[PDB]
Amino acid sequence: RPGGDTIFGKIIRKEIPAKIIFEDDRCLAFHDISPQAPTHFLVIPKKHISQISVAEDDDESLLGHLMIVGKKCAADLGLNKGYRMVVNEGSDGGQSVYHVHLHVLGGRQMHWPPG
């Protein structure tokens, strides 16, 4: 089972349904089930990486691709006033699924601090 057996691995393999925005060989973008803004989606690698703190050096281009995909999808969804991208690491970061994921939130004014 490529993708791992976190819930996000199951979404990658189409075992659990999701509302998918974009898909390529490297990643998947899909809407969050508990949105915290009018638009709130995730971009994840298809390669299982548990958390950013254990990402390999040669995962650099993949991580960058999540961001590029994130910004493209935000444009395609009409987030013309802007958005916030978030990666959570570990307990203090609020990480709830141990498969790396980029949150993209928009459609309202985001506030400071970012939690």
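The first residue of the shown sequence is 1; numbering continues from there.
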* Segment of higher mean CA temperature factor, 4-12 or 105-113 -> 4-12
* To do: On mean C-alpha B-factor from the PDB entry, just flag whether 35-43 or 86-94 is the higher one.
  => 86-94
* To do: Select lowest, middle or highest to describe the third in which the CA B-factor of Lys71 falls within its chain in this entry.
  => middle
* Asked: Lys81's Cα B-factor: lowest, middle or highest third of the chain?
  -> highest
* Is the Cα B-factor recorded for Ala29 in the lowest, middle or highest third of its chain? -> lowest
* **Third of the chain's Cα B-factor distribution that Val54 belongs to, per the entry** => highest
